[PDB]
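The chain below stands alone and is given in structure tokens; this is the form deposited in one PDB entry.
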């Protein structure tokens, strides 16, 4: 075999996990939407791609969403000029599909499980309460003069009103631009100024991990260089005294108290911008295509059912919260989780106390969280029930098989489907993932593309498609899909240069990928992070997976630098578990052998640096420029 799966301590033949009992409609669990085998996935997937897929997408579009005006055309446009259209003649409102229609059917159903930073302060937020709070905010924005198409920045932590802020903008046709509450005043400034918003929504302070986020302090600093912000809505989250600029700044509760608890929905066109999410690339998503994509993926990738309680542990400052905390779940009318704390506050058992308390049916987090909890021991999880869960999802980066097994062993008790969901902020929704009721998973493989995704592997040098299996290269998409980002706000040139120009005719994700002998897709990491040693292209996940196979390795990050013998050299930055006593033990040799043993001599790191902890909310570009979190520069 030319394509090698990610290094795992378990042999290959023992590493195929079929849909487990809970995903078979047994043990009181509902029937999956797609099952029972791979063939059932292909039967349905084949309808969503190719020349006869307008019928399927038109039906799913009209069955999944409530429309004000029906659409005539299904799709149009393409990558070349960035004019992708989906259901253009149709009109709808995202807030209507995520709130109103569910409020009209069951007003008392819980929409949001607000898991506060402190476990006792948690509570359920019904669709009625959330709709009221959203219409109040919408009415406040309209009183500030926010019109259809105006940008509104959101700088809110993971409190339940953050969904009301999002949907308040969507309800009136405003483009919300969410900014993670941990971002600095300098980062916020850049995003508030780029979107040219005139209104900003934020908190007095945020609460995460028992520590205070000085949000209103961070806003006041940024706004000194944001001349366009005239109105700032401040939610009273902590109540601590914060500066309030008279005239500009108003309190959420006081403003909403003046407005009615209903607000009419603006009739939006499918291609009206729904939100900007800065990554700075202000990635722009439309309404219908994005909403439909997030709705379908949640239903099928997480096998969501009406009475399910979906728990996505991301932040609404990232696309994961946009798609799989707010728009996706609420569009399907189920319960979604707004988790305000960290995975290790008050203790590393928080995720599991949370599931058992609410009987969560699915969990969705990142490899960074999984590897963190793995470094903290199985005592915080071994003594839990967790039988409510049926599907466990991972997103953000390649999940090392060791973490995948840790995930499957303890969190799922070997009875949950593990969905490795690959996608980007620009894809809008999950692009490659196993349907839990049909796909047998391989640790660290996103498996097969989702409905509407037709992806190929291309040789980056020649630009030629590699037909068949056992191939490796860069990942691309053949055709647009509904939830694809439509542009980069006021920088369409950068939108085309980044995703459409490198390989004309396709969408360029920026990831190296490989399709193994069985057809499973393997995402190996960013193309920029690849290392070419003696003409052999090493992927970042391949080497890092081997290092964590060594007992005591907690997290790694390999980067390259030009070597005067091999072209490029592998340099490693390794974090050890807290128990590995580096005073008694002199290790860097045992790790390099681990690479030489599992990968090959060419992959052996030329130098290894043992470090205590750069990451986002892993910055390998930082590690590259250093060799070419100040401890890294010192070590």
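Numbering follows the first chain given and starts at 1. For clarity, a rigid core is taken as the largest C-alpha set superposing within 1.5 Å between two forms.
Below: the form deposited in another entry, not depicted.
Only one of 95, 338, 559, 395 has its C-alpha shifted by 2 Å or more between this form and the one not shown once the core is superposed, and that residue is 559. The rigid-core alignment places the CA of residue 594 2 Å or more apart between this form and the one not shown. After superposing the rigid core, the Cα of residue 544 is displaced by 2 Å or more between this form and the one not shown. Superposition of the core reveals a Cα shift of 2 Å or more for residue 531 between this form and the one not shown. If you compare C-alpha positions, residue 394 and residue 554 are 3 angstroms or more farther apart in the other form than in the form on display. The gap between the Cα atoms of residue 502 and residue 557 is smaller in the other form, by no less than 3 Å, than in this form.
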